[PDB]
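Participant: So here's entry_38.txt, just compact mmCIF, C-alpha atoms and all ligand atoms:
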```
# COMPACT_ATOMS: atom_id res chain seq x y z
CA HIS A 4 31.14 -231.61 -102.79
CA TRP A 5 33.55 -230.59 -99.84
CA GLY A 6 35.55 -227.33 -100.26
CA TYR A 7 36.36 -224.32 -98.11
CA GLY A 8 33.35 -222.05 -98.66
CA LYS A 9 30.37 -221.30 -96.36
CA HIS A 10 28.15 -224.17 -97.60
CA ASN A 11 30.72 -226.93 -98.07
CA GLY A 12 33.46 -225.74 -95.60
CA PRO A 13 35.27 -227.46 -92.70
CA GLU A 14 32.22 -226.94 -90.35
CA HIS A 15 30.21 -229.24 -92.64
CA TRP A 16 32.77 -232.00 -93.43
CA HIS A 17 31.45 -234.13 -90.66
CA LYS A 18 28.19 -234.91 -92.54
CA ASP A 19 30.04 -236.84 -95.27
CA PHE A 20 33.22 -237.83 -93.24
CA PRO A 21 32.14 -238.55 -89.68
CA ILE A 22 35.73 -239.15 -88.55
CA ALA A 23 36.05 -235.29 -88.79
CA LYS A 24 34.99 -235.35 -85.09
CA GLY A 25 37.25 -238.24 -84.12
CA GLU A 26 40.00 -238.54 -81.49
CA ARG A 27 43.17 -237.76 -83.43
CA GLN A 28 42.20 -235.01 -85.84
CA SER A 29 44.41 -232.36 -87.29
CA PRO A 30 45.72 -229.35 -87.44
CA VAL A 31 46.09 -228.52 -83.72
CA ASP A 32 47.37 -225.48 -81.93
CA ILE A 33 50.94 -226.23 -80.67
CA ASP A 34 51.01 -224.82 -77.11
CA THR A 35 54.83 -224.52 -76.57
CA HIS A 36 54.71 -224.48 -72.80
CA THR A 37 52.70 -227.72 -72.63
CA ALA A 38 54.77 -229.59 -75.34
CA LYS A 39 57.35 -231.77 -73.46
CA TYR A 40 60.99 -232.34 -74.49
CA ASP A 41 61.51 -236.03 -75.45
CA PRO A 42 65.22 -237.03 -75.25
CA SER A 43 64.39 -240.43 -76.64
CA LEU A 44 63.43 -238.77 -80.00
CA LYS A 45 66.19 -239.12 -82.64
CA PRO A 46 67.16 -236.40 -85.08
CA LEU A 47 65.09 -236.59 -88.24
CA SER A 48 66.81 -238.00 -91.33
CA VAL A 49 65.73 -236.34 -94.67
CA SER A 50 67.38 -238.04 -97.71
CA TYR A 51 66.05 -236.03 -100.66
CA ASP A 52 69.15 -236.28 -102.92
CA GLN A 53 67.61 -238.79 -105.41
CA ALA A 54 64.11 -237.21 -105.58
CA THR A 55 62.36 -237.47 -108.89
CA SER A 56 59.59 -234.90 -109.30
CA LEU A 57 57.20 -235.84 -112.12
CA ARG A 58 54.15 -233.51 -112.28
CA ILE A 59 52.34 -230.51 -110.75
CA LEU A 60 48.52 -230.59 -110.61
CA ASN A 61 45.65 -228.31 -109.49
CA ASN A 62 43.25 -230.80 -107.80
CA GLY A 63 40.61 -228.22 -107.00
CA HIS A 64 41.66 -227.73 -103.33
CA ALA A 65 45.44 -227.12 -103.53
CA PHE A 66 48.24 -227.78 -106.05
CA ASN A 67 50.31 -230.92 -105.58
CA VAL A 68 53.90 -231.58 -106.78
CA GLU A 69 54.15 -235.46 -107.26
CA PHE A 70 57.22 -237.66 -106.97
CA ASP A 71 58.15 -241.08 -108.26
CA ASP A 72 57.63 -243.30 -105.14
CA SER A 73 58.23 -246.77 -106.69
CA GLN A 74 61.80 -246.93 -105.26
CA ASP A 75 63.45 -245.43 -102.11
CA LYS A 76 64.73 -242.12 -103.74
CA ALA A 77 63.27 -239.41 -101.42
CA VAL A 78 62.76 -240.77 -97.91
CA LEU A 79 62.29 -239.61 -94.33
CA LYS A 80 63.47 -241.69 -91.37
CA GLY A 81 64.51 -241.32 -87.71
CA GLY A 82 62.77 -238.76 -85.46
CA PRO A 83 59.61 -240.19 -84.02
CA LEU A 84 59.48 -242.80 -86.88
CA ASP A 85 59.88 -246.54 -87.11
CA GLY A 86 60.95 -247.46 -90.64
CA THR A 87 61.33 -245.69 -93.94
CA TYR A 88 58.61 -243.40 -95.39
CA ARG A 89 58.81 -242.37 -99.02
CA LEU A 90 57.87 -238.92 -100.27
CA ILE A 91 54.73 -239.21 -102.46
CA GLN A 92 53.72 -235.45 -102.90
CA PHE A 93 54.07 -231.95 -101.38
CA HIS A 94 51.42 -229.21 -101.32
CA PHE A 95 50.61 -225.95 -99.54
CA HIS A 96 47.74 -224.30 -97.61
CA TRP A 97 47.58 -220.49 -97.69
CA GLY A 98 45.41 -217.57 -96.90
CA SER A 99 43.84 -214.65 -98.64
CA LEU A 100 45.92 -212.30 -96.40
CA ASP A 101 49.36 -212.69 -94.83
CA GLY A 102 48.07 -213.07 -91.29
CA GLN A 103 46.38 -216.41 -91.88
CA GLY A 104 46.91 -219.46 -93.89
CA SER A 105 48.79 -222.10 -91.86
CA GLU A 106 46.79 -225.13 -90.51
CA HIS A 107 48.89 -225.66 -87.38
CA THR A 108 49.47 -222.64 -85.18
CA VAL A 109 52.17 -222.08 -82.51
CA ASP A 110 50.91 -220.46 -79.31
CA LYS A 111 47.86 -219.38 -81.40
CA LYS A 112 50.04 -217.66 -83.99
CA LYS A 113 48.96 -218.31 -87.64
CA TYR A 114 51.61 -218.07 -90.47
CA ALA A 115 51.03 -217.05 -94.12
CA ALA A 116 51.12 -220.65 -95.42
CA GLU A 117 52.02 -224.14 -94.48
CA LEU A 118 53.90 -226.65 -96.73
CA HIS A 119 53.21 -230.41 -96.25
CA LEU A 120 55.60 -233.11 -97.50
CA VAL A 121 53.50 -236.39 -97.41
CA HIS A 122 55.23 -239.72 -96.92
CA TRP A 123 53.83 -243.29 -96.62
CA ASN A 124 55.43 -246.13 -94.68
CA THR A 125 57.07 -248.55 -97.13
CA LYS A 127 56.16 -251.64 -94.82
CA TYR A 128 52.72 -251.33 -96.36
CA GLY A 129 53.92 -251.44 -99.98
CA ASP A 130 51.77 -248.68 -101.52
CA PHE A 131 50.02 -245.43 -100.33
CA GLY A 132 46.52 -247.03 -100.51
CA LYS A 133 47.50 -249.69 -97.95
CA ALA A 134 49.37 -247.14 -95.69
CA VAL A 135 46.12 -245.13 -95.22
CA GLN A 136 44.60 -248.28 -93.63
CA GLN A 137 47.22 -248.20 -90.74
CA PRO A 138 47.61 -246.06 -87.52
CA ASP A 139 51.23 -245.40 -88.60
CA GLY A 140 50.85 -245.42 -92.44
CA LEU A 141 51.96 -241.87 -93.00
CA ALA A 142 54.41 -239.17 -91.94
CA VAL A 143 53.72 -235.57 -92.94
CA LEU A 144 56.64 -232.96 -92.47
CA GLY A 145 54.92 -229.52 -91.97
CA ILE A 146 56.80 -226.24 -92.49
CA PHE A 147 55.54 -222.75 -91.80
CA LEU A 148 55.90 -219.97 -94.35
CA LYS A 149 56.28 -216.33 -93.18
CA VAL A 150 56.25 -213.29 -95.65
CA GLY A 151 59.79 -211.77 -95.65
CA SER A 152 62.59 -212.34 -98.22
CA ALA A 153 62.14 -214.49 -101.36
CA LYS A 154 62.88 -218.26 -101.08
CA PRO A 155 64.87 -218.88 -104.27
CA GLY A 156 64.09 -222.64 -104.34
CA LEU A 157 60.36 -221.97 -104.41
CA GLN A 158 60.46 -219.80 -107.56
CA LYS A 159 60.36 -222.71 -110.02
CA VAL A 160 57.02 -223.68 -108.45
CA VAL A 161 55.71 -220.06 -108.63
CA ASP A 162 56.56 -219.64 -112.30
CA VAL A 163 54.65 -222.75 -113.30
CA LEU A 164 51.27 -221.92 -111.58
CA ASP A 165 50.00 -219.97 -114.52
CA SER A 166 49.58 -223.16 -116.46
CA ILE A 167 47.64 -225.10 -113.73
CA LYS A 168 45.31 -222.26 -112.91
CA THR A 169 42.15 -224.26 -112.83
CA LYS A 170 40.92 -227.54 -111.46
CA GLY A 171 42.06 -230.64 -113.28
CA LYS A 172 45.02 -229.10 -115.06
CA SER A 173 48.44 -230.68 -114.70
CA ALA A 174 51.94 -229.84 -115.99
CA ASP A 175 55.16 -231.84 -116.28
CA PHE A 176 57.43 -230.79 -113.43
CA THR A 177 60.68 -232.68 -113.41
CA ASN A 178 64.03 -232.14 -111.80
CA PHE A 179 62.51 -230.20 -108.90
CA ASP A 180 64.67 -230.61 -105.69
CA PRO A 181 62.64 -230.37 -102.44
CA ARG A 182 65.76 -229.59 -100.41
CA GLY A 183 65.41 -225.99 -101.52
CA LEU A 184 62.29 -225.71 -99.36
CA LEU A 185 63.95 -226.71 -96.04
CA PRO A 186 64.76 -224.29 -93.24
CA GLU A 187 68.24 -224.49 -91.76
CA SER A 188 67.21 -226.25 -88.46
CA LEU A 189 65.42 -229.58 -88.25
CA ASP A 190 64.03 -229.12 -84.67
CA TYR A 191 60.33 -230.24 -84.39
CA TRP A 192 57.20 -230.93 -82.49
CA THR A 193 55.52 -234.34 -83.04
CA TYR A 194 52.06 -235.72 -82.29
CA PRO A 195 49.63 -238.37 -83.74
CA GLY A 196 46.91 -236.79 -85.99
CA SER A 197 45.17 -237.06 -89.30
CA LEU A 198 45.09 -235.72 -92.89
CA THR A 199 43.56 -232.17 -92.75
CA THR A 200 41.43 -232.57 -95.92
CA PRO A 201 38.81 -235.37 -96.43
CA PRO A 202 39.00 -238.22 -96.01
CA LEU A 203 40.61 -236.98 -92.77
CA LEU A 204 42.19 -240.40 -92.13
CA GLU A 205 43.76 -240.71 -88.71
CA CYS A 206 46.93 -242.24 -90.26
CA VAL A 207 49.45 -239.61 -89.70
CA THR A 208 52.49 -239.04 -87.45
CA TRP A 209 52.97 -235.18 -87.73
CA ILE A 210 56.54 -233.72 -87.80
CA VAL A 211 56.10 -229.87 -87.53
CA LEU A 212 59.35 -227.89 -88.01
CA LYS A 213 59.95 -225.12 -85.47
CA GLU A 214 61.69 -222.81 -87.89
CA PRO A 215 59.61 -221.27 -90.70
CA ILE A 216 61.10 -220.49 -94.15
CA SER A 217 60.58 -216.91 -95.49
CA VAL A 218 58.86 -216.30 -98.89
CA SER A 219 58.36 -212.89 -100.63
CA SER A 220 54.95 -211.24 -100.75
CA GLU A 221 55.26 -211.60 -104.55
CA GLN A 222 55.73 -215.34 -104.27
CA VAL A 223 52.76 -215.88 -101.86
CA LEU A 224 50.70 -213.65 -104.15
CA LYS A 225 51.04 -216.02 -107.16
CA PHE A 226 49.43 -218.83 -105.07
CA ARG A 227 46.31 -216.65 -104.54
CA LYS A 228 45.80 -216.43 -108.30
CA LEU A 229 44.90 -220.12 -108.63
CA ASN A 230 41.37 -221.18 -109.02
CA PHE A 231 39.16 -223.72 -107.15
CA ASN A 232 36.83 -223.96 -110.17
CA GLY A 233 37.46 -225.82 -113.46
CA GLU A 234 37.93 -224.04 -116.83
CA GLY A 235 34.66 -222.44 -118.05
CA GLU A 236 32.99 -222.04 -114.62
CA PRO A 237 32.76 -218.79 -112.60
CA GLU A 238 36.04 -217.78 -111.01
CA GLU A 239 36.59 -218.48 -107.31
CA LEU A 240 40.22 -217.76 -106.29
CA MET A 241 41.97 -220.59 -104.32
CA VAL A 242 42.60 -218.85 -100.96
CA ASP A 243 41.96 -219.88 -97.33
CA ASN A 244 42.27 -223.62 -98.23
CA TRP A 245 43.13 -224.33 -94.51
CA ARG A 246 41.21 -226.31 -91.82
CA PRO A 247 40.86 -224.68 -88.37
CA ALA A 248 42.60 -226.22 -85.31
CA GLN A 249 40.89 -229.26 -83.79
CA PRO A 250 40.82 -230.16 -80.07
CA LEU A 251 43.89 -231.92 -78.87
CA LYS A 252 41.94 -234.32 -76.61
CA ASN A 253 44.08 -237.12 -75.29
CA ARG A 254 47.36 -236.29 -77.10
CA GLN A 255 50.73 -235.06 -75.77
CA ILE A 256 52.76 -232.92 -78.18
CA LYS A 257 56.49 -233.77 -77.97
CA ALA A 258 59.42 -231.46 -78.80
CA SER A 259 62.68 -232.69 -80.21
CA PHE A 260 64.37 -229.71 -78.54
CA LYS A 261 64.39 -227.78 -75.27
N1 LIG B 301 41.09 -236.09 -103.27
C1 LIG B 301 42.28 -236.92 -103.01
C2 LIG B 301 43.55 -236.34 -103.61
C3 LIG B 301 44.71 -235.80 -102.84
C4 LIG B 301 45.71 -236.39 -102.15
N2 LIG B 301 46.50 -235.39 -101.63
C5 LIG B 301 46.02 -234.22 -101.99
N3 LIG B 301 44.95 -234.45 -102.71
HG HG B 302 44.65 -244.97 -90.30
ZN ZN B 303 48.00 -230.46 -96.34
```
Represent the structure contained in this file as structure tokens.

Facilitator:
Amino acid sequence: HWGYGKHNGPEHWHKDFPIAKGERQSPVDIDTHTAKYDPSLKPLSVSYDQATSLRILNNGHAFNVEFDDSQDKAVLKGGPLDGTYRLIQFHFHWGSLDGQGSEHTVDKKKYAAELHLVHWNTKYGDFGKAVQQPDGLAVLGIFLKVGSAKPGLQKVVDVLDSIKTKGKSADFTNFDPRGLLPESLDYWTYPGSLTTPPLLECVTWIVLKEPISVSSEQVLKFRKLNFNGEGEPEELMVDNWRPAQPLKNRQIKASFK
């Protein structure tokens, strides 16, 4: 079944999901000297004030925090986007050591983790229909560096104990995603895909330039999660990241100079 190990890892995904070798795959390396300023890009608009978090779940490849997306409560607009995209879920990718763990890299630099806020374009009515369109989704990606503790992430850290293994879920309401945003909203944008199967090339990537800092202690609780289900041998959930894919015909744009 796909995973991140040696026999079912990213190097093998292509056998079940042939699009893994397509033309707009993701994570990519963001070469900062080849990324071009685009003055025509608008500032991003993040309206997360009415967000309703509902649950936190260990799906066997990451942990997801899920939001109510049946009304326009947590939405992203502006930037490189046409229309409103509603927040559906956020999740992270991390490493087994602090020097690796992000999916996207900047000038070949890897960060300790990467947070992904997943949104679907509300012209398509539901997430299922948005993943059938070249513009169905917008993913906001944020780098995590090990430094000082991020107070807003602690509520997530303290709950991991209870979703340790695959299939477990916990109620997780009143979580505000605004506590996970850096101070600056400057970004790089390019057309790509989801970085886990089915690798659908449906995504407009919005990668924030400024990383947020997390404590070593916080990143360490992530590394305690398990890939396996309860009652199976213990495999810690670490290195759940896909390596950078060739950029091919894509131009990375910067919202800043
Ligand atoms: N296996 C599809 C579930 C999913 C969506 N996002 C993260 N995980
Ligand atoms: Hg698509
Ligand atoms: Zn992701």

Participant: Enumerate, in order of chain and increasing residue number, the residues of segment 134-233 of chain A with an atom no farther than 12 Å from segment 15-23 of chain A, each with its shortest atom pair and distance in Å to one decimal, counting only C-alpha atoms, as a tab-separated table.

Facilitator:
```
residue	atom	partner	partner_atom	distance
A:196	CA	A:23	CA	11.3
A:197	CA	A:23	CA	9.3
A:198	CA	A:23	CA	9.9
A:199	CA	A:23	CA	9.0
A:200	CA	A:16	CA	9.0
A:201	CA	A:20	CA	6.9
A:202	CA	A:20	CA	6.4
A:203	CA	A:23	CA	6.3
A:204	CA	A:22	CA	7.5
A:205	CA	A:22	CA	8.2
A:206	CA	A:22	CA	11.7
```

Participant: So which residues are near ligand HG 302 (chain B), meaning at most 12 Å away with all atoms listed in the file counted, given back as a PyMOL selection string?

Facilitator: chain A and resi 22+25-28+123-124+128+131-142+195-198+202-208

Participant: Would you mind telling me which residue in A:107, A:245, A:65, A:11 lies nearest to residue 33 of chain A when using all atoms listed in the file?

Facilitator: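 Using all atoms listed in the file, the shortest distance to residue 33 of chain A belongs to A:107.
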
Participant: Please identify all polymer residues lying at most 12 Å from the point (61.7, -241.5, -77.5) (file coordinates), using only C-alpha atoms, and present the result as a VMD selection string.

Facilitator: chain A and resid 39 to 46 81 to 85 193 257 to 259

Participant: Using all atoms listed in the file, find each protein or nucleic acid residue lying at most 9 Å from ligand ZN 303 (chain B); present the set as a ChimeraX atom specification.

Facilitator: /A:65,93-96,106,117-121,143,145,198-200,245

Participant: Between atom CA of residue 54 of chain A and atom CA of residue 98 of chain A, what is the spacing in Å?

Facilitator: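 Computing it gives 28.5 Å between the two atoms.
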
Participant: Between A:169, A:152, A:217, A:67, single out the one closest to ligand LIG 301 (chain B), counting only C-alpha atoms and all ligand atoms.

Facilitator: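 Using only C-alpha atoms and all ligand atoms, the shortest distance to ligand LIG 301 (chain B) belongs to A:67.
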
Participant: Would you mind telling me which residue in A:164, A:251, A:144, A:68 lies nearest to ligand LIG 301 (chain B) when using all atoms listed in the file?

Facilitator: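 Ranking A:164, A:251, A:144, A:68 by distance to ligand LIG 301 (chain B), first place goes to A:68.
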
Participant: Around ligand LIG 301 (chain B), with edges along x, y and z and 3 Å added on all six sides, what centre and edge lengths do you get, in Å to one decimal, as JSON?

Facilitator:
```
{"center_x": 43.8, "center_y": -235.6, "center_z": -102.6, "size_x": 11.4, "size_y": 8.7, "size_z": 8.0}
```
